[PDB]
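Remarks on the structure that follows.
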2 protein chains.
Amino acid sequence: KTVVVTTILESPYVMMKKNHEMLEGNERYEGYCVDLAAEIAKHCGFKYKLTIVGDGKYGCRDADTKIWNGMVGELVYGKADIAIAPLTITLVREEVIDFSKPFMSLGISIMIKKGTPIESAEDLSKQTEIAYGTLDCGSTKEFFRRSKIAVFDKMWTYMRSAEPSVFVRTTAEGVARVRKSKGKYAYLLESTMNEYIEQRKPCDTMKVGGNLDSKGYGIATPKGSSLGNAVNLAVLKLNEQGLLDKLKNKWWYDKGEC
Amino acid sequence: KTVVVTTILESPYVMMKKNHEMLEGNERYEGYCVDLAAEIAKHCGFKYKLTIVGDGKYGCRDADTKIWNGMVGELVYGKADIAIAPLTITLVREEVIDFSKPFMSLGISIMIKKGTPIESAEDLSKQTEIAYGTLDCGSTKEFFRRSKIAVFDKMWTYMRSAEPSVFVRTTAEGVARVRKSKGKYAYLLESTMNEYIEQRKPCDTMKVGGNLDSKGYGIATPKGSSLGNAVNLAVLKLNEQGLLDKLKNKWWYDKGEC
Ligand SMILES: N[C@@H](Cn1cc(I)c(=O)[nH]c1=O)C(=O)O
Ligand SMILES: N[C@@H](Cn1cc(I)c(=O)[nH]c1=O)C(=O)O
Ligand SMILES: [Zn+2]
Ligand SMILES: [Zn+2]
Ligand SMILES: [Zn+2]
Ligand SMILES: [Zn+2]
């Protein structure tokens with residue numbers, strides 16, 4: 001009956017409202033993905049419950065046990081009916097779960113503390129004074145681990161063995177590390193987040209260079225789910241009616257602080 | 001056994017080779033989608049025959065007869081097994097054919113003859129001296145026909161009723177009309193084509209403003225095709241390995257004339 005939605009606390013996709021503690025259920029949250037969830041449930045006509053992914057992760061497969069974690073795991077093992085989050089459509093995931101067509105297009109990008117002498121991935125790869133890393137257990141890390149491109153493989157070789165670890169558990173941790181690093185840590189992260197942070201106080205970071213790749217976020221369902229067809233059509237309808245563009249401007253720039 | 005591929009003569013996706021009269025079968029053609037077709041077939045392990053869509057159209061549904069034409073029609077009526085072309089993923093098409101995840105991301109954009117006093121769709125809609133139109137029988141025309149956004153519906157109201165027709169049969173016709181117009185015609189077209197033309201002699205056009213929307217091109221198969229699954233995985237794998245980025249570079253910029 002009630003669809004269980006798995007999602008992740010990631011601003012501005014899903015955030016606790018300022019007055020959350022006296023709110024209940026889905027009303028405790030706000031954001032792009034909260035709005036998107038409401039729109040999809042309205043067009044597909046279902047009731048739903050937003051639940052924050054227990055382990056706070058997007059999803060990766062343990063190399064030894066072969067068990068999936070994060071939001072991907074919640075679908076694979078039947079703990080959730082649908083994931084509505086900034087979840088990257090990838091080949092290894094497509095083999096275990098289903099994705100709608102993308103609701104957002106983006107790429108990997110570089111975040112620096114303002115004034116950092118870096119302008120590109122090539123710049124990062126050719127020096128050692130400035131540390132750099134990525135989010136753990138996500139598509140960005142896997143991009144570098146799997147890259148054959150000389151600069152990206154060179155970066156991976158450094159990142160894989162760097163001490164202390166250049167990888168972070170959450171996006172907020174990566175961003176804090178940039179801000180506190182005095183310009184000695186750069187962060188590789190998805191472009192739309194880089195762009196969001198750039199317009200938030202204290203306005204001390206910026207995106208440099210173009211995107212390293214191109215990819216999309218999709219709505220995910222368990223393989224063979226009776227929900228997947230309708231959800232995919234709903235995403236296309238929403239895009240075509242301009243709602244996705246409407247939501248982006250609402251959460252990204254109408255709230256810009258810089 | 002041999003998979004019939006429907007595609008469209010649209011530079012630089014599919015072009016006749018200079019000496020095509022001396023060649024046979026698939027070797028008559030070159031371009032982005034020719035290269036992509038060869039790679040999809042290699043990875044999925046099938047033999048294939050490239051065929052040019054008979055009516056030279058992408059695909060629209062006749063309002064009265066309800067019959068699909070163009071490449072979409074070839075798949076709907078079983079004349080082709082797969083379409084590998086700059087074919088836009090849309091809701092109405094997804095209702096009758098299947099698409100892979102996108103192999104290219106793009107949006108509707110404005111092409112001007114250099115010097116034309118236009119910077120945005122808002123600019124176009126608020127003036128009358130410069131005419132503007134789109135490709136007929138495609139996703140761009142349908143975007144304007146269906147839009148509830150004030151600026152775009154105003155543009156549609158003008159375009160639908162303009163005489164002579166501001167719509168064109170092929171991309172080349174639209175570009176030619178811009179070039180011959182002395183600034184008095186602007187062309188609305190997909191961004192990646194706008195970008196390609198900007199790098200073609202006589203280097204007298206340019207893209208202005210941001211994109212009007214966001215969408216993708218996908219490989220299409222008939223509903224229920226056994227090919228669908230494997231083709232989608234192939235597209236994801238090729239994106240992740242950088243092939244699609246390499247093919248754009250090859251056909252757009254390595255060959256740039258400006
Ligand atoms: N979208 C990713 C997770 N994710 C998120 C951000 I924001 C990032 O900078 N890198 C990531 O891998 C996924 O689905 O694994
Ligand atoms: N891709 C479109 C066709 N198409 C192509 C170009 I190049 C354009 O500027 N506009 C279009 O509608 C579709 O599939 O209808
Ligand atoms: Zn609280
Ligand atoms: Zn709606
Ligand atoms: Zn010829
Ligand atoms: Zn190959």
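Proteins get letters first, then strands, A, B, ... in listed order; numbering begins at 1 in each. Note: hydrogens, waters and symmetry copies are ignored here, and every other heavy atom, side chains too, is used.
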Report task. Considering non-hydrogen atoms only, spot the tightest contact between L91(A) and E240(B) and give its length. Result ->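 What the structure gives for the nearest pair is N-OE2, 2.8 Å.
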I'd like to know whether [atom1] of [X] has more than 12 heavy-atom contacts from other residues, nucleotides or ligands below 6.0 angstrom.
{"X": "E119(B)", "atom1": "CD", "answer": "no"}
{"X": "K246(A)", "atom1": "NZ", "answer": "no"}
{"X": "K248(B)", "atom1": "NZ", "answer": "yes"}
{"X": "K207(B)", "atom1": "NZ", "answer": "yes"}
{"X": "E122(B)", "atom1": "CD", "answer": "no"}

Report task. Side chain from CB out, backbone as N, CA, C, O: work out which of these in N232(B) comes under 4.5 Å of a heavy atom of chain A, or both, or neither. Result ->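 Side chain of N232(B) only, per the 4.5 Å heavy-atom cut-off to chain A.
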Query raised in the report: Looking at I89(A), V92(A), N229(A), which has the largest count of heavy-atom pairs under 4.5 Å with chain B?
Result: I89(A)
Requested in this report: Quick one: pull up CG in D245(A) and CG in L212(B) and give me the separation to the nearest 0.5 Å.
Outcome: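 Separation between the atoms: 10.0 Å.
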Query raised in the report: NZ/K148(A) to CD/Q241(B) distance, rounded to the nearest 0.5 angstrom?
Result: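 If we round to the nearest 0.5 Å, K148(A):NZ and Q241(B):CD are 6.0 Å apart.
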Requested in this report: Heavy-atom distances under 4.5 Å only: say whether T90(A) touches chain B with side chain, backbone, both or neither.
Outcome: both
Query raised in the report: Does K101(B) reach the main-chain N or O of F99(A) with its side chain, forming a donor-acceptor pair under 3.5 Å?
Result: yes
Requested in this report: Indicate yes or no for a side-chain donor-acceptor contact from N239(A) to the backbone of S214(B) under 3.5 Å, with no hydrogens or angles considered.
Outcome: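 Yes, because the side chain of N239(A) sits within donor-acceptor range (under 3.5 Å) of the backbone of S214(B).
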